[PDB]
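The structure appears below as structure tokens.
There are 2 protein chains.
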Amino acid sequence: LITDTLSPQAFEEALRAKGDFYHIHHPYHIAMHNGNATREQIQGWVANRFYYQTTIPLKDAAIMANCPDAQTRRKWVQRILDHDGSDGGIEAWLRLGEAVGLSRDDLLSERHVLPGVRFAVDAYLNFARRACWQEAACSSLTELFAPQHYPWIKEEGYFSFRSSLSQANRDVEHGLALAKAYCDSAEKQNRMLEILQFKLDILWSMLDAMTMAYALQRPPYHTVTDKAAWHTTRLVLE
Amino acid sequence: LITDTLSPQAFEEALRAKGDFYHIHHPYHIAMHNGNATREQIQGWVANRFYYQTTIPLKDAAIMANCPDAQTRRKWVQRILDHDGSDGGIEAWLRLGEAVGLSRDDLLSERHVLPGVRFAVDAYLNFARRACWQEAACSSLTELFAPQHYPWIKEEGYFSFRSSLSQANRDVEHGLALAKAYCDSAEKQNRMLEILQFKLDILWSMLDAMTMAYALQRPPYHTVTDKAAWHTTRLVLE
Ligand SMILES: O=C(O)[C@@H]1Cc2c(O)c(O)c3c(c2N1)[C@H](C(=O)O)C[C@H](C(=O)O)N3
Ligand SMILES: O=C(O)[C@@H]1Cc2c(O)c(O)c3c(c2N1)[C@H](C(=O)O)C[C@H](C(=O)O)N3
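First to last, the protein sequences are chains A and B. Take the first sequence: its position 225, counting from 1, is numbered 225 in my numbering, and each next residue is one higher. Just add 1000 to the spot in the second sequence (first one is 1) and you have my numbering.
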């Protein structure tokens, strides 16, 4: 609970300290990168993570819509080009889907997206729509915290995904530099740390939803049906 | 998947059929009303449900803000008076909190609210903000689907809560009558069923979050800390 404004370097350290709560520490993530995850768990992960990825560009556009500074927009738009392509990351993820046995329609349809994942992700969007652009922009800085096994995974799609993700052009540090410039009072600094925590909560909550469904055999409505019964529509956009 | 517009009576039956997915069928809810719930589970439930309750009036006001029909507003505002009082339901829930051993500050602070609960609830609000008023209004119709044991529970607060909830004046059927009037095409009807499913998903997801935290010993960041580390702020409103 910051009492006296921290310096920019010290603030950066505090922000980086929040990485301790990054989602790589979630048992579900651990199990996937341990090879202890089942195939159900893997396909679930890709389908659900895809929703996040298709939301990012909407989230970034929301930020731009709220940002009257042309130079900031000139940088921010590169995030949208990265995701949308013109291949792009959405496309790269479609290839990973294929590699793990899911069709493009399976993914594009968003039919497999668990409501807990949806709500967590949409929270990110709705923050970006409503928050001052600086705050929303800064929340992107968690990207700084970043099979075989699984023989059944198609090498070619994989490498394809891994590879497309590697040509992104956005300035991943932008959020950080902004936060250090913008958060120049104790009050802003504490609030920024809480915004970071919000973002970390989104990522952890996505994984909790996946844990319940694919690892604990407790998907939505499991006591009442064996079919997927959850809503599958971005109701206010579609 | 409605192909030919249903009649109003048949549509009502379809809507009521969605009650099969109501949250009373969630293992967490079952355990509470079975007396199989632990005290941790109960206090968690009250603290987390409280967030829903404090959001309802915001949700209802959002609907009104989107509703240029004065007569509709004249009815809808009664929902806000019910919750806000002037005692009201928010107050009634504060008394139940007391009955189960939680202080007013504990509840009002929203500090115990799990992020999964928060995201699910905020989804409701953000739907209400953005959707046409008719759609948002109709989603309220799930209210139509509606300790000892637990000796440690204070009878007086309880009865107090149970009792205040019983003097609400809103027209719980309003959403239904609107849906029957408004949803006069196959397309609107299918969409309304999907909106209902959305609402049901919110309620189930709230309970999943509670299940993970209080029943499966898997609250957020459990692999990294034993303290509550999640964000506790309505960032865009506070
Ligand atoms: O908020 C944002 O705009 C960024 C955009 C983004 C990505 O493109 C990821 O692939 C991506 C993240 C983000 N966040 C995630 C993030 O930290 O938010 C990390 C996650 C991962 O692979 O672990 N991948
Ligand atoms: O969407 C809405 O406006 C209504 C308002 C409301 C309440 O006041 C509840 O107590 C309340 C609900 C709702 N929904 C819940 C709902 O069905 O949405 C049910 C739940 C229960 O006690 O089981 N309690």
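The beta-carbon is built from N, C-alpha and C at its ideal position, and this holds for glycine as well.
| Asked | Found |
| --- | --- |
| Segment contact, 8 Å Cβ cut-off, at least three pairs: the region 176-186 of chain A with the region 52-60 of chain A | no |
| Spatially closest choice to residue 169 (chain A) from A:214, A:12 and A:85, by CA coordinates | A:85 |
| Residue-chain proximity (residue 64 (chain A), chain B), Cβ-Cβ < 9 Å | no |
| CB contact flag (residue 1095 (chain B), residue 1157 (chain B), <9 Å) | yes |
| Cut-off 6 Å between Cβ atoms - residues of its own chain near residue 22 (chain A), not counting five sequence neighbours on either side | 145 |
| Proximity below 9 Å, CB of residue 15 (chain A) to CB of residue 186 (chain A) | no |
| Contact set between the region 1071-1097 of chain B and chain A, restricted to residues whose Cβ is under 7 Å from the partner | none |
| Own chain, CB closer than 7 Å to residue 1143 (chain B), minus 5 neighbours either side, in chain order | 1172 |
| Cβ neighbour criterion (16 or more within 10 Å) applied to residue 1039 (chain B) | exposed |
| Proximity test, residue 1083 (chain B) beta-carbon vs ligand 2 heavy atom, cut-off 8 Å | yes |
| Residue-chain proximity (residue 197 (chain A), chain B), Cβ-Cβ < 9 Å | yes |
| Three-state class that DSSP yields for residue 1138 (chain B) in the structure shown | helix |
| Whether residue 161 (chain A) touches residue 93 (chain A) by CB criterion (9 Å) | yes |
| Within-9 Å CB hit, residue 25 (chain A) to chain B | yes |
| Length of the line joining the Cα atoms of residue 1167 (chain B) and residue 1089 (chain B) | 9 Å |
| Straight-line Cα distance separating residue 77 (chain A) from residue 63 (chain A) | 10 Å |
| Local conformation of residue 1131 (chain B) per DSSP, three classes | coil |
| Residue 1089 (chain B) CB to nearest heavy atom of ligand 2 below 8 Å | yes |
| Cβ-based contacts, 7 Å cut-off: residues of the region 223-237 of chain A near chain B | 223, 224, 229, 230, 231, 233, 235 and 236 |
| Whether residue 66 (chain A) touches residue 123 (chain A) by CB criterion (9 Å) | no |
| Buried or exposed (CB count within 10 angstroms, at least 16 for buried), residue 1045 (chain B) | buried |
| Supposed contact pair residue 230 (chain A) and residue 1197 (chain B) - C-beta distance, whole angstroms, cut 8 Å | 7 Å |
| Within 9 Å, strictly: CB atoms of residue 1027 (chain B) and residue 1114 (chain B) | no |
| Three-state secondary structure (DSSP) of residue 48 (chain A) | helix |
| Chain B contact residues for residue 220 (chain A), given Cβ-Cβ distances below 8 Å | 1201, 1204, 1205 and 1208 |
| Range of the contiguous alpha helix (DSSP H) that encloses residue 1104 (chain B) | 1104-1108 |
| Endpoints, the alpha helix (DSSP H) within which residue 1220 (chain B) is located | Residue 1220 (chain B) -> no alpha helix (DSSP H), and no H or E assigned at all. |
| In chain order, each alpha helix (DSSP H) run of at least 4 residues that lies wholly inside the region 19-103 of chain A | 27-32, 39-65, 70-84 and 89-99 |
| Sequence-distant residues of the same chain with beta carbon closer than 7 Å to residue 1195 (chain B), five excluded per side | 1135, 1138 and 1139 |
| First and last residue of the uninterrupted alpha helix (DSSP H) at residue 155 (chain A) | 155-164 |
| Unbroken alpha helix (DSSP H) run spanning residue 8 (chain A), endpoints | 8-17 |
| Residue 190 (chain A): first and last residue of the uninterrupted alpha helix (DSSP H) it sits in | 186-210 |
| From B:1069, B:1072 and B:1081, residue whose alpha carbon lies closest to that of residue 1058 (chain B) | B:1081 |
| Beta-carbon proximity of residue 74 (chain A) to residue 206 (chain A), cut-off 9 Å | no |
| Spatial neighbours of residue 1047 (chain B) in its chain, beta-carbon cut-off 8 Å, leaving aside the 5 residues before and after | 1097, 1102, 1106, 1107, 1112 and 1113 |
| Amino acids of chain B, ordered along the chain, whose beta-carbon sits closer than 9 Å to that of residue 122 (chain A) | 1119, 1122, 1123 and 1126 |
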